[PDB]
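Chemist:
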Amino acid sequence: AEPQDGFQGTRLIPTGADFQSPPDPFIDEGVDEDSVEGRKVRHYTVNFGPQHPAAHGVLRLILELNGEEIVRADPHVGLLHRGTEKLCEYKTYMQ
Amino acid sequence: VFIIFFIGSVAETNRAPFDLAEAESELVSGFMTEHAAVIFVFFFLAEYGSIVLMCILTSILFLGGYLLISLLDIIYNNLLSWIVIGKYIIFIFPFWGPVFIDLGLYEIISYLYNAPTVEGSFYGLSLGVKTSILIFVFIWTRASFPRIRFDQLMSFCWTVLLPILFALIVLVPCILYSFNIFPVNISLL
Ligand SMILES: CCCCCCCCCCCCO[C@@H]1O[C@H](CO)[C@@H](O[C@H]2O[C@H](CO)[C@@H](O)[C@H](O)[C@H]2O)[C@H](O)[C@H]1O
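These protein sequence lines are chains A and B, in that order. Read left to right, the first sequence gives residues 57 to 86, 103 to 167 (the UniProt record's numbering). Take 190 as the starting number for the second sequence in the UniProt record's numbering and just add one per residue.
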């Protein structure tokens with residue numbers, strides 16, 4: 057009886073991590105010490121954009137770099153979100 | 190060796206298609222900081238003057254320098270009917286008896302050819318025509334190719350070009366010894 061049964065938290069929503077299943081062990085394809109292997113490396117972030125061409129006008133993608141290579145790429149969009157899908161509800165179809 | 194030098198001379202000037210390293214600065218500037226080559230014409234006159242200078246030196250070394258291929262040698266070989274009357278007949282199939290004016294033209298033309306101003310002029314128009322042709326080939330190169338990544342230009346220099354050059358450093362003096370063609374290193378010429 058949502059939302060009433062959810063007031064006391066008597067039910068938990070079955071997340072995808074509940075239905076995770078171990079891979080089959082048989083046909084499955086592919103620590104701390106004085107060595108420098110255990111050593112960690114710092115990464116630095118880089119703010120890419122806006123580039124000169126018109127199409128990529130509002131791209132603010134933040135990259136994490138290990139040296140030269142990209143570790144993780146996080147695009148921040150919304151810089152040209154103008155609310156089209158809402159304004160369309162207050163207009164006729166032709167409008 | 191000339192082609193390697195010209196390609197090396199574009200990469201040395203930081204010119205496109207070898208400019209991707211300095212190109213990527215404008216793409217990561219961000220929303221807080223900016224460049225410094227802004228109001229300065231210095232690093233632009235330093236850049237254009239290094240391109241012109243890499244064109245003159247490229248001409249000094251591989252093209253003639255200021256050497257014009259002189260046609261006055263060709264006319265000597267072809268012409269054989271020297272005439273003291275000023276006719277200047279030529280022993281050629283399209284030849285005839287010219288009417289060049291001894292009093293008006295030949296006396297004047299001969300003097301102007303030996304002038305210190307005229308001969309210097311042609312020596313510099315030759316070097317200028319040759320530098321300009323190479324200035325064209327730099328501009329044509331920038332308009333013809335995309336950019337090369339920094340690792341790829343580094344591979345070009347270190348694993349293609351320099352190996353070939355060191356191979357030619359062995360071979361060239363070996364041939365100059367084999368054909369008795371080592372020049373004298375005293376002041377001649
Ligand atoms: C091997 C024999 C060589 C004989 C000739 C040697 C000439 C040396 C002249 C050096 C003069 C400065 O050299 C020149 O400097 C300018 C400014 O820093 C650089 O130019 C730099 O700034 C300009 C903007 O102002 C950019 O467009 C350019 O992409 C960038 O690299 C050139 O890349 C460099 O070639």
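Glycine included, each C-beta is placed from N, C-alpha and C at the ideal position.
State yes or no: is the C-beta of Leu-209 (chain B) within less than 7 Å of the C-beta of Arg-338 (chain B)?
Modeler: For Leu-209 (chain B) and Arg-338 (chain B), yes; Cβs fall inside 7 Å.
Chemist: Return the residues of the stretch 110–138 of chain A that lie within a Cβ-Cβ distance of less than 7 Å from chain B, sorted by chain order.
Modeler: Under the 7 Å Cβ criterion, the stretch 110–138 of chain A contributes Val-118, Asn-119, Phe-120, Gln-123.
Chemist: Is the Cβ of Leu-216 (chain B) closer than 7 Å to any Cβ of chain A?
Modeler: At least one chain A Cβ lies under 7 Å of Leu-216 (chain B).
Chemist: Do we get a CB-CB distance below 7 Å when we pair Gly-197 (chain B) with the residues of chain A?
Modeler: Taking Cβ atoms only, chain A never reaches closer than 7 Å to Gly-197 (chain B), which makes this a no.
Chemist: Taking 6 Å as the line, does the beta carbon of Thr-247 (chain B) fall inside it for any heavy atom of ligand 1?
Modeler: For ligand 1, not one heavy atom lies less than 6 Å from the Cβ of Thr-247 (chain B).
Chemist: Identify every run of the alpha helix (DSSP H) within the stretch 262–302 of chain B, keeping only runs that are complete inside it and at least 4 residues long; order them along the chain.
Modeler: Taking only runs of at least 4 residues, the alpha helix (DSSP H) segments lying wholly in the stretch 262–302 of chain B are 296–302.
Chemist: Beta-carbon distances below 6 Å to any heavy atom of ligand 1 define the shell here; list its residues in chain order, please.
Modeler: Selection output, chain order preserved: B:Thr-202, B:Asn-203, B:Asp-208, B:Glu-211, B:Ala-226, B:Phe-232, B:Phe-233, B:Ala-235, B:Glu-236, B:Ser-239, B:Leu-242, B:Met-243, B:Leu-246.
Chemist: Assign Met-343 (chain B) to buried or exposed, taking buried as 16 or more other Cβ atoms, counted over all protein chains shown, within 10 Å of its Cβ.
Modeler: With fewer than 16 other Cβ atoms within 10 Å, it is exposed.
Chemist: Does the stretch 197–211 of chain B come close enough to the stretch 233–240 of chain B to have 3 or more Cβ pairs within less than 8 Å?
Modeler: They touch, by the three-pair rule.
Chemist: Are the C-beta of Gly-253 (chain B) and some C-beta of chain A separated by less than 7 Å?
Modeler: Answer no: the Cβ-Cβ gap between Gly-253 (chain B) and chain A never drops below 7 Å.
Chemist: Could you compute how far the alpha carbon of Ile-249 (chain B) sits from the alpha carbon of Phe-311 (chain B)?
Modeler: Spanning the two alpha carbons is a distance of roughly 15 Å.
Chemist: Quick one: any contact between the stretch 119–129 of chain A and the stretch 210–223 of chain B, if contact means 3 or more CB pairs under 8 Å?
Modeler: The stretch 119–129 of chain A vs the stretch 210–223 of chain B: in contact.
Chemist: Tell me the rounded alpha-carbon separation between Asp-61 (chain A) and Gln-76 (chain A).
Modeler: Taking the straight line from one Cα to the other gives about 26 Å.
Chemist: Using C-beta distances below 7 Å, list every residue in its chain close to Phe-289 (chain B), excluding the 5 sequence neighbours before and after it, in chain order.
Modeler: Hits under 7 Å: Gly-275, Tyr-277, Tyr-295.
Chemist: Helix, strand or coil, according to DSSP, for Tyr-116 (chain A) in the structure here?
Modeler: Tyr-116 (chain A) falls in the strand class under three-state DSSP.
Chemist: Contact defined as beta carbons within less than 8 Å: I believe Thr-320 (chain B) pairs with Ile-245 (chain B). What is the distance between those atoms, to the nearest angstrom?
Modeler: Indeed, because the Cβ distance is near 5 Å, the residues count as touching under 8 Å.
Chemist: How about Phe-327 (chain B) and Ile-240 (chain B): do their beta carbons lie closer than 7 Å?
Modeler: Taking 7 Å as the Cβ cut-off, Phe-327 (chain B) and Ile-240 (chain B) qualify as a contacting pair.
Chemist: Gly-238 (chain B) CB to nearest chain A CB: under 7 Å?
Modeler: Chain A contact via Cβ: absent.
Chemist: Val-199 (chain B) by DSSP, collapsed to three states: which one?
Modeler: The answer is helix: DSSP assigns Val-199 (chain B) an H, G or I state.
Chemist: Under 8 Å Cβ-Cβ, which residues of chain A neighbour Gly-219 (chain B)?
Modeler: By Cβ distance, chain A contributes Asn-119.
Chemist: May I ask you to report which of helix, strand or coil DSSP gives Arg-331 (chain B)?
Modeler: Three-state result, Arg-331 (chain B): helix.
Chemist: Apart from the five residues just before and just after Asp-146 (chain A), which ones in its own chain have a Cβ nearer than 6 Å to its Cβ?
Modeler: If we look at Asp-146 (chain A) and ignore the five residues flanking it on each side, its Cβ neighbours are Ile-134.
Chemist: Which of the three DSSP states is assigned to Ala-210 (chain B) in this structure?
Modeler: It is helical.
Chemist: I'd like the list of long-range same chain contacts for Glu-136 (chain A), defined as Cβ closer than 6 Å, with 5 residues on each side in sequence excluded.
Modeler: Around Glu-136 (chain A): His-115, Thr-117, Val-143, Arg-144.
Chemist: Just to confirm, is the Cβ distance from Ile-281 (chain B) to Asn-267 (chain B) under 7 Å?
Modeler: Yes; because the gap between Cβ atoms is below 7 Å, this pair is in contact.
Chemist: Along the chain, where does the alpha helix (DSSP H) containing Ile-228 (chain B) start, and where does it finish?
Modeler: That residue, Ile-228 (chain B), is in no alpha helix (DSSP H); it is neither H nor E in DSSP.
Chemist: Roughly how many angstroms lie between the CA atoms of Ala-73 (chain A) and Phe-229 (chain B), to the nearest whole one?
Modeler: In a straight line, the C-alpha of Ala-73 (chain A) is about 59 Å away from that of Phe-229 (chain B).
Chemist: One question on the structure: do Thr-247 (chain B) and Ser-315 (chain B) come within less than 7 Å of each other, judged by their Cβ atoms?
Modeler: No; because the gap between Cβ atoms is not below 7 Å, this pair is not in contact.
Chemist: Is it the case that the Cβ atoms of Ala-225 (chain B) and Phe-232 (chain B) are separated by a distance below 7 Å?
Modeler: It is not a contact, given that the beta carbons lie outside the stated cut-off.
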